[PDB]
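Two forms, one chain: they're shown below as structure tokens, one block per form, named structure 1 and structure 2.
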Structure 1
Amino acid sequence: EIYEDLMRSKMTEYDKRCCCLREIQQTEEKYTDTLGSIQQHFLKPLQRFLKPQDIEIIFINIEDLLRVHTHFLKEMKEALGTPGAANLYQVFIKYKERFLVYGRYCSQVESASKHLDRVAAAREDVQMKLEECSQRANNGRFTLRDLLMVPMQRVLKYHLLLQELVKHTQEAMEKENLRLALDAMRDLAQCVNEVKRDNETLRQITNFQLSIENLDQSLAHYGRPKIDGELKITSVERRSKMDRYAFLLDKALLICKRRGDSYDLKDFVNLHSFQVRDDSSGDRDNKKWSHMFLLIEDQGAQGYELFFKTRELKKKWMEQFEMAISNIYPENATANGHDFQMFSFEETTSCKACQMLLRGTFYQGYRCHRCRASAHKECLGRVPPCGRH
């Protein structure tokens, strides 16, 4: 609604297509003005009244968004002015990676918002200056907390705006060219969403890190958490059921024992050399704690028996071990000479198969350690052969 209220102020295909071009322009004008409104009526006045570290946390990247969107609006207006806006698609494609600053924004939205509200709850002089700023900017129609939710909503709408314009473009050449911009804007929307998703994962990893004792390494090295919980376990050597707490991540299983407030790490299992084998024995009597599957070292060096309280739990853990092993060893990991392994990309990277961006901030995809080709899990079989021209 906030974005809809902000953007509030029988037909032929050409007439419908021209209405889409008008909406794209007018919404960008109103959007670029809103960034100017947040800067001139909230940022610059509060610079003289809050700490520069406070300024970086609440206003984040906004100053940079306004600069990117001022230039974007100009190059779009120039593209719209030319005959039949034939080169509009080029403006969207050019600004795609320039818009990746929305990654840095959307990640810290709750972080910047939460910070602002306590600041307002604590300082009495801040609370009414913000109420005065809302009046001078829009006559009390939109508050700052609501105004900071507008940039996330905007970057997520470009692909929807371009979807409609594509739907009404008659000329097949211009339609194909607009489809490329639609793909560039759908890719950007996915990156932004994957960034939000990854910070929650990293926040969850940080929490596990604190709760686990005698763990000498960062959990983040073992990928994404899959499932955690209590279970009973036996090994080739210890055939008596031991009550344990486990954390399953893509590359590891941490077998802990509750040592009061904390979980004490007892057994670290690298899933790179382990296989899961189902056991139907528990199905028959369906007695609590009888539901098992085996977790065996691929050369038979070790073999665990994992007991869950219910059949649903067993089924759920099994499915998560399969998903974890599939992530270590995806389909076609060794296709056409490669050796694709889970990789965390530090810089902006595109897939060697589809040319679309690797999404997120953490274990976004795969890297072949031999040729250094980067790729998404789905695109592995389609990457050109290892070490070629």
Structure 2
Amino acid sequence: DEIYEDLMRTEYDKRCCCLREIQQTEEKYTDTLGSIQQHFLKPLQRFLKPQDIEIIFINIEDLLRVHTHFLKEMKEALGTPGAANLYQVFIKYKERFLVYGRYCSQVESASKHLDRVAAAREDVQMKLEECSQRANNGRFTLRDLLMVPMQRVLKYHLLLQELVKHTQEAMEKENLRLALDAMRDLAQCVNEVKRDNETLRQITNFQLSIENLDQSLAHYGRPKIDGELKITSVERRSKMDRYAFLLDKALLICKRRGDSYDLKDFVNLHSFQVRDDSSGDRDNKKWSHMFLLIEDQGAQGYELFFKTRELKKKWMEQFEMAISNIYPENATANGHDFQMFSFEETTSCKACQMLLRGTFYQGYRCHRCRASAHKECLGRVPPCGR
């Protein structure tokens, strides 16, 4: 991005040059956090209402407080001849940079609110231009500066990557790779928050469209796939034209009515299994591509028909992915009973002790002992009722 680019401006040169670059951009970034606080946050408190400040700036002050201490510890480690303790700074501050979670989640809606407050008031609109002049001579608006903290967290792993490449001492190279991994994890934490928020928006849209559904879709996990299909059942053997929404825990069978969809059948995937039918084959005919969805006690069996082989293939992989998410490998290992969970507060995995990243269905919780864990960590968790 152009705004970040403009704001941030021998074999062992490269190694030493990278250290200067890291320290320079960190000072430049901490001053930018200071600029938002002094030139925008304190003067706008006299204009905007307290709730508007809370929404637009979020925890910006706490970010500045964390980076003030980070730049101080960075300077001491880089200062000492050798800079061998630099890796320890990045490892310690990865856990301190958790404060970014709240920021990353709320920043898009803070930008939207800032636009609304400025559009409604020429008074605020003129004060926003005034602040930009006193801080950066109008080169950067508050709108662009509030997006800078997010651009910055995604740069740390690109900075340490270059430093690792140009480090020749095998022990310092190995220690810096631990700091590089920890920074690569921080960049993944951002993606999980953006990705989960987009899922939460998609769910909201589906609630609007689906009629006669008297339940929140958030209870069924993540949307998998949605689309037209033909359906058959044991008691009604003729193909019914339908629209289906597949989420991790449920399949909704609806009837399309322009934009609106009327719920006809609710299928709870905890009790159902997928069975392939290769009979409709070699893409012979439209609507001949079928698989079965059978209830685990033989109570019901649905035949699902799709227009093409490509479509049927895609739906089958998504049903497999959904049932694997309800019932993952080692879900009942060591006395536990791990089930899909959406965590409100910041939580760590009982097995690897790492964060359950994101804002929606981040992992699993055993209902018995209440231990939290990642999908791939279930078998490693301590036995239920230690």
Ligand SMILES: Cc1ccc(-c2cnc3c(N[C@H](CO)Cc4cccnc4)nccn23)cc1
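Each residue is numbered by where it sits in the sequence of structure 1, with counting from 1.
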Structure corresponding to the form deposited without the ligand: 1
Have a look at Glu171, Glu194, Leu313, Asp279 and flag the one at the hinge, given that one rigid part turns against another between structure 1 and structure 2. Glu194
How far, in degrees, does the smaller rigid part swing between structure 1 and structure 2? 16
